[PDB]
Structures are given as structure tokens and as C-alpha cells.
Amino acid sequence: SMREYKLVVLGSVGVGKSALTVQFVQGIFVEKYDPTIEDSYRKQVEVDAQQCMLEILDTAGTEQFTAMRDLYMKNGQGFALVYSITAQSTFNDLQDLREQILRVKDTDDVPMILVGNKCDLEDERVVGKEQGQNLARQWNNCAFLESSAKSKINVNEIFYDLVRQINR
């Protein structure tokens, strides 16, 4: 039967976690955005010749909803840690998320990908691609992509990469 994958999208407010998830799942991108408490999406995809059922949790970017946060990390199989290349503060915030996940899983062997979103807004770039790479490397050569929900750059790849990691 078709295997199911519990994916979790984490990161600070406004980085594009919802935009990335909705672009991936529904193929929609609009400038308009609605704030998120907790949304779950489902999508069937093919990864490495195999049909996969993805369940993607789109989270609040805030320390609110602690019960949810602890539960995300307990149940999540793979985690996308998203920041915006236009906002230094969102890049800075990802370190504690990373440490929390490893603490809950009690292993550094967790499917994870570091995502630098909004890569289409080059004129407002604050976080250098080399810095994103530098962080990923610091994180035991964790996977790393720059993405754009708007232009559909690396959107699918984010979820596909997590699935491949889970399959290992």
C-alpha cells in the first residue's frame, strides 16, 4: 500500500511556510495571506518511482501553541525549517528549532532541510546564500535549498528531499 509521510513546516512568522505549502499542494500563489494557527494538507506525489501520500503540517510561526510544538516534533518524520532571505531575524531564529528537534528525537539523524525562501526578491536579499550554506554545513551538512513560492523555484524539491531522507 501507499506509504504515508508526516512532514512539518516550521519557521518564523511571514517567511512563506503557508505560501510554500499551498503552492506545493494547491498550485496557488497570491500576495494575500491569512495568518496560521495550524493547517494540515494532504497530497499524493511520486518520489523515486514510488507513489507517496504526504501529510504536511503548516504551523504558526510563534511560541504559542506549545502542546502543538511538542507534538509536531514527536510525530513529525521530516522537518522543513524555513527562513526568509529578506529577514535576518528569521534566519537567526532557526538555530533553536533545530536544537529542539534533535532533543525531542534524541538523535541527530532527523530528516530535515534548511529552506531560504523568497529567493525571487533578490533586491531585498539580506541573508547571503553562502550564509545559508554555512548554517546547513554547521548542522552536520544538513540539506539546503533556496526557494520561491511565487516563482515555483525549489518548491517540490523541498518535500521530495524530505521523503527521500525518510526513505533512507
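Residues carry their position along the shown sequence, with the first being 1.
Undergrad: Which of the two stretches, 62-70 or 131-139, shows the higher mean Cα temperature factor in the record?
TA: It is 62-70.
Undergrad: Between 115-123 and 28-36, point out the one with the higher average CA B-factor as the PDB entry records it.
TA: Here the higher of the two C-alpha B-factor means belongs to 28-36.
Undergrad: What third of its chain, lowest, middle or highest, does the C-alpha temperature factor of residue 77 fall into?
TA: Lowest third - that is where residue 77 ends up once the chain's C-alpha B-factors are sorted.
Undergrad: Pull the Cα B-factor of residue 151 out of the PDB entry and bin it into the chain's lowest, middle or highest third.
TA: As the PDB entry reports it, the C-alpha B-factor of residue 151 lands in the highest third of its chain.
Undergrad: Grab the CA temperature factor for residue 110 from the record and place it in the lowest, middle or highest third of its chain.
TA: As the PDB entry reports it, the C-alpha B-factor of residue 110 lands in the middle third of its chain.
Undergrad: When the deposited Cα B-factors of this chain's modelled residues are ordered and cut into thirds, is residue 46 in the lowest, the middle or the highest one?
TA: Its C-alpha B-factor, which the entry lists for residue 46, ranks in the middle third among residues of this chain.
Undergrad: Among the modelled residues of its chain, does the C-alpha B-factor of residue 13 lie in the lowest, middle or highest third?
TA: Highest third - that is where residue 13 ends up once the chain's C-alpha B-factors are sorted.
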